[PDB]
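*Asks:* sequence, then the experimental structure. Questions to follow.
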Amino acid sequence: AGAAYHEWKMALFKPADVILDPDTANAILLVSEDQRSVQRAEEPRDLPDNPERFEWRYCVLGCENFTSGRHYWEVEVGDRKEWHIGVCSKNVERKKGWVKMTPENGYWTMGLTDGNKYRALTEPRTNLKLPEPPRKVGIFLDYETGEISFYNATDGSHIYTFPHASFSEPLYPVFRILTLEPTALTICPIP
């Protein structure tokens, strides 16, 4: 049914326990007391000018990145209408604008927009036709082979796998939202 994806993930990938780094969060973002959720303000806070922050993109990272091995983590996206998640490099441009989010620029992300429109953020984009809409998403990484993939984490269905990439820089979990809406984005807990 949904199981097997469960067996597999635990058996073959090391669960990351990702917590949101608020030093990285764009001012319009609100990290939760627990640092698992992110939700969007109505208007930006004023926040200590910091190099690590995403001042153009409405992005937030993990505290902990990856340089080897196999890892996975899961994100309750629930019934949100817009959200993009995955990973990115330490060395992405956190200040300059109009750097498009592609693997070309260090972004292996994937998301949802205007409600029902799934897409992967390759160049060009690749739309995605998902039998069931996911309420929870599993992000999987193998540094060495250079592969990142996405699975519906309730039923274990596959979603997308980026083209192999030789990874030079460390990789952070990245999360991004722009809607202001009820349902938040939430890192699922490590078993």
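*Replies:* It's in. Numbers count the residues shown, from 1 in each chain.
*Asks:* residue 139 bridge partners, please.
*Replies:* Listed by DSSP bridges, the beta-bridge partners for residue 139 are residue 73, residue 150.
*Asks:* which non-adjacent residue is nearest the most centrally placed residue in the chain?
*Replies:* Centroid-nearest residue in the chain: residue 85, 2.4 Å away (criterion: CA atoms, centre = their mean). Distances taken as CB to CB, 6 or more residues apart in numbering put residue 175 closest to residue 85, at 5.2 Å, once the chain neighbours are dropped. Every residue, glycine included, has its C-beta placed from N, CA and C.
*Asks:* after the host helix or strand of that neighbour comes which helix or strand?
*Replies:* Using DSSP states H and E, residue 175 maps to strand 171-176. Using DSSP H and E, the helix or strand that follows strand 171-176 towards the C-terminus is strand 185-187.
*Asks:* neighbouring contacts of that next one?
*Replies:* 18-20, 36-39, 73-78, 80, 83, 85, 173, 175, 177 (CB atoms under 8 Å, 6 or more residues apart in numbering).
*Asks:* are any of these buried, and which?
*Replies:* Buried residues within those, counting neighbours by 16 or more other CB atoms under 10 Å: 18, 20, 36-39, 73-77, 80, 83, 85, 173, 175, 177.
*Asks:* among the residues you listed, name the ones in strands.
*Replies:* Judged by DSSP state E, the buried ones among the contacts of strand 185-187 include 20, 37-39, 73-76, 83, 85, 173, 175 as members of strands.
*Asks:* contacts only, for residue 131.
*Replies:* Counting by CB under 8 Å, 6+ apart, residue 131 makes contact with residue 157.
*Asks:* which non-adjacent residue is nearest the residue sitting furthest away from the middle of the chain?
*Replies:* Ranked by distance from the centre of the chain (CA atoms, centre = their mean), the top residue is residue 1, with 25.4 Å. In space, and not counting its chain neighbours, residue 1 is closest to residue 155: 7.2 Å by CB to CB, 6+ apart.
*Asks:* all helices of the protein, in order?
*Replies:* Counting by DSSP state H, the chain has helices at residues 5-12.
*Asks:* extract the C-alpha set from stretch 124-134 and format it as PDB.
*Replies:* This file holds the C-alpha atoms of stretch 124-134, laid out as PDB (Å, rounded to 0.1, in the frame of the first residue of the first chain):
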ATOM      1  CA  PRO A 124      13.400  24.400 -18.600                       C
ATOM      2  CA  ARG A 125      10.900  23.500 -16.000                       C
ATOM      3  CA  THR A 126       9.300  20.100 -16.200                       C
ATOM      4  CA  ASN A 127       5.600  19.900 -15.300                       C
ATOM      5  CA  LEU A 128       4.500  16.900 -13.400                       C
ATOM      6  CA  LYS A 129       1.200  14.900 -13.400                       C
ATOM      7  CA  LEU A 130       0.600  13.400 -10.000                       C
ATOM      8  CA  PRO A 131      -2.300  10.900  -9.600                       C
ATOM      9  CA  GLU A 132      -2.800  12.000  -6.000                       C
ATOM     10  CA  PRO A 133      -1.800  15.400  -4.600                       C
ATOM     11  CA  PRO A 134       0.900  14.900  -1.900                       C
END
